[PDB]
Undergrad: 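Before I ask anything, let me first share the structure, which is written out below as structure tokens.
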Amino acid sequence: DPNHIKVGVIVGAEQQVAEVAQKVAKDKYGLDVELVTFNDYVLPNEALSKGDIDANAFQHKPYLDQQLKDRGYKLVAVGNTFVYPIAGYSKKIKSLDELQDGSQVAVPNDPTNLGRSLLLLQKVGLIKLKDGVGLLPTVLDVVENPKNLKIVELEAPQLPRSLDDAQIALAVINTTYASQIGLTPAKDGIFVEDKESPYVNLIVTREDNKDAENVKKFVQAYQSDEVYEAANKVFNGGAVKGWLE
Ligand code: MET
């Protein structure tokens, strides 16, 4: 079907935003966009690589690059979407003043979002990392940890439910999944990453279909004021436009 494109997205608020892009694509081009929904960060790139979908819209470039290295995919970015500054959340404390020694702190376990989380924990002064780590520090790079915090690495989609675990005092959670239980950085975050970061999300395709006319249309539909306005609402200001104005 030459007027049909399948795009992989994550359930929750990101799916809602993608639905607006779907609408713009229909209204502006009469393009038939099908959203294929996922609730993890691994299967969407598998689906794309295998040709089960044409594009996906869920990852930032460090993540993409790591996926190319680790899985050997031939994928490429065809457009920016939003930066989603990541936040630390808790259902046990309201401030770092209350963080007890020995507390478990949950973070994503994939290399780039793990690194990102550790950099955030360093930024707010809870830990110090070795020099030269760049974007990919690991827990082995922690050189100061005065509260003797225990970093608990979890699959990203598990981070929202981790908040209810009896020992998890703090969790760094992608807004993707935080939004599934109605949390946003501005409303619920104890601390939040700077808007300026390398983590703008992407629309990604295979090398072989990066220039497909339907891909170009979808990118233009997503990169629209209508989509921004929707994102800014549902993410309560936690979505920064990543494309050229
Ligand atoms: C799969 S990389 C992480 C993407 C997620 N939406 C974020 O920007 O935190």
Side-chain angles (χ1 to χ4, degrees), residues 7-18 21 35-49 53 55-71 73 75-89 106-121 123 135-137 153-160 162 171-181 183-186 188-189 191-205 222-223 227-228 230-232 234-243:
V7 186
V9 303
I10 314 299
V11 299
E14 289 187 19
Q15 181 188 347
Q16 298 173 45
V17 175
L35 302 177
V36 181
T37 61
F38 297 86
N39 193 38
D40 79 293
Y41 284 163
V42 177
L43 298 180
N45 277 340
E46 297 193 355
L48 177 57
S49 179
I53 57 178
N56 58 45
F58 84 99
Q59 74 201 297
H60 47 60
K61 190 166 178 288
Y63 188 88
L64 174 60
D65 292 346
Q66 188 67 40
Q67 287 272 283
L68 305 192
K69 281 191 171 188
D70 289 340
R71 302 296 304 272
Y73 305 135
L75 313 179
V76 298
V78 297
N80 298 338
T81 58
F82 305 97
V83 184
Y84 294 112
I86 200 168
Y89 304 89
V107 300
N109 69 356
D110 61 281
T112 62
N113 286 291
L114 170 60
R116 177 185 191 183
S117 297
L118 294 178
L119 289 167
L120 180 53
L121 293 175
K123 175 187 161 72
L135 297 186
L136 299 172
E153 304 178 26
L154 304 171
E155 299 280 326
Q158 299 293 300
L159 278 285
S162 82
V172 179
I173 313 182
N174 304 88
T175 305
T176 310
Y177 301 109
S179 72
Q180 294 180 352
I181 55 163
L183 303 178
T184 65
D188 307 285
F191 50 81
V192 189
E193 191 181 59
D194 294 335
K195 291 176 197 300
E196 179 59 58
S197 78
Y199 302 111
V200 67
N201 284 207
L202 310 165
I203 297 160
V204 173
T205 68
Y222 204 112
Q223 302 182 336
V227 169
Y228 168 73
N232 180 59
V234 71
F235 290 111
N236 186 37
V240 182
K241 186 186 298 181
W243 65 85

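Values reported hereafter were calculated over all heavy atoms of this structure, with side chains retained and with hydrogens, waters and symmetry mates removed. Numbers for residues simply follow the sequence, beginning at 1. Note that ligands are numbered from 1 as they come in the structure, with each ligand's atoms numbered from 1 the same way.
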Undergrad: Please compare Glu193, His60, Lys61 and report which has the shortest non-hydrogen distance to atom 3 (C) of ligand 1.
TA: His60
Undergrad: Of all the atoms in ligand 1, which lie at a distance below 4.0 Å from a heavy atom belonging to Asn174?
TA: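 Close to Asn174: 3 (C), 5 (C), 7 (C), 9 (O).
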Undergrad: Just jot down the ligand 1 atoms closer than 4.0 angstrom to any heavy atom of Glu14, in number order.
TA: 6 (N)
Undergrad: Considering only non-hydrogen protein atoms, determine which one is nearest to atom 8 (O) of ligand 1 and report residue, atom name and distance to 0.1 Å.
TA: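 Of the protein heavy atoms, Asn201 ND2, 2.9 Å lies nearest.
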Undergrad: Suppose we call two aromatic rings close when their centres sit under 6.0 Å apart. Are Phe58 and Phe38 close by that rule?
TA: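 No, the ring centres sit 6.0 Å or more apart.
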Undergrad: What residue among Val204, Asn201, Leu202, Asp110 forms side-chain contact (heavy atoms from CB on, under 4.5 Å) with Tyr63?
TA: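 Passing option: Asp110.
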Undergrad: If hydrogens are left out, which of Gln66, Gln59, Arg116 has an atom nearest to atom 9 (O) of ligand 1, that is, the closest non-hydrogen atom?
TA: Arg116
Undergrad: Just which atoms of ligand 1 are under 4.0 Å from any heavy atom in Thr176?
TA: 5 (C), 6 (N)
Undergrad: So which heavy atom in the protein is nearest atom 5 (C) of ligand 1, and how far is it from that ligand atom?
TA: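 Nearest neighbour among protein heavy atoms for atom 5 (C) of ligand 1, to 0.1 Å: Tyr41 OH, 3.3 Å.
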Undergrad: Only heavy atoms of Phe58, strictly under 4.0 Å: list the atoms of ligand 1 that pass.
TA: 1 (C), 4 (C), 6 (N)
Undergrad: Provide the closest heavy-atom pair for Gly12 versus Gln180 in the form atom of the first, atom of the second, distance.
TA: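 Looking at all heavy atoms of both residues, the shortest contact is CA-CG, 4.4 Å.
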Undergrad: Measuring from atom OH of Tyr41 to atom CG of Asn174, what distance do you get when rounded to the nearest 0.5 angstrom?
TA: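 That separation rounds to 3.5 Å.
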Undergrad: Mark up the atoms of ligand 1 that fall under 4.0 Å of a heavy atom belonging to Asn113, in ascending order.
TA: 2 (S), 3 (C)
Undergrad: Taking the basic N atoms (NZ, or NE/NH1/NH2) and the acidic carboxylate oxygens, is any pair closer than 4.0 Å for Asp65 and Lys61?
TA: yes
Undergrad: Are any side-chain N or O atoms of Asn80 and backbone N or O atoms of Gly242, one a donor and one an acceptor, separated by less than 3.5 Å?
TA: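 Between the backbone of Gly242 and the side chain of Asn80 there is a qualifying donor-acceptor contact (under 3.5 Å).
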Undergrad: Donor-acceptor pair, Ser117 side chain versus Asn113 backbone, under 3.5 Å?
TA: yes
